[PDB]
């Protein structure tokens, strides 16, 4: 299966995906990395790995729909099967999401359905949970509400900050994002007709 990875920053999850998809038994290949922001570390990671990059700055398009269209055109250019959002911090439009329904994955640094949104660690710390974690899910129109593929729990330690907690949770993200990609790319897991997760 041919994979696009969308990023907005550092790209530690991108690197984990690059590493996993180069294993001999990988059912996924990363054929394009797309960033909405320029000069981000994730782009260096892709180039260093010999993967094509495209920057599509969302601040030259009149609205959300035509920004996504610019993404979609590139996805078509590279005959993409699966899209991974890996620290991509832009909300995608309804039609774009519907087109890629069952073919687009996202990593989120909480145990969904807890702490939806862009500041999950802040929320987890404010709430006072002693167990948080991360989630890979299919992307649906409503943010962080799509069908869950894998999760991993991660303890919160006394005195944690966003810095120390995100560091711990990223270790788990780097495990379940590649595992989830392999499950979907091999056809082992799919979004079923009834919308629920189907394990074939």
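Positions refer to the first chain, counted from 1. Definition used throughout: the rigid core is the maximal C-alpha set that superposes within 1.5 Å between two forms.
- Root-mean-square C-alpha deviation from the shown form, taken over all structures in 9 other deposited structures of this protein superposed by the rigid core, is larger for 155-163 than for the alternative among 155-163 and 50-58.
- Taken in 9 other deposited structures of this protein and fitted on the core, 182-190 and 5-13 differ in how far their Cα atoms move from the shown form, and the one that moves more is 5-13.
- Per-stretch averaging of Cα B factors for 138-146 and 39-47 places 39-47 on top.
- The question of which stretch, 5-13 or 174-182, has the higher mean Cα B factor is settled in favour of 5-13.
- Of the residues listed, 66, 152, 167, 31, the entry assigns the biggest Cα temperature factor to 66.
- Comparing the listed residues 53, 27, 132, 161, the entry records the largest Cα B-factor for 53.
- In this PDB entry, residue 90 carries a Cα temperature factor that places it within the highest third of its chain's modelled residues.
- In the deposited entry, the Cα temperature factor of residue 84 places it in the middle third of its chain's modelled residues.
- For residue 73, the recorded CA B-factor ranks within the highest third of the chain. Only modelled residues enter the ranking.
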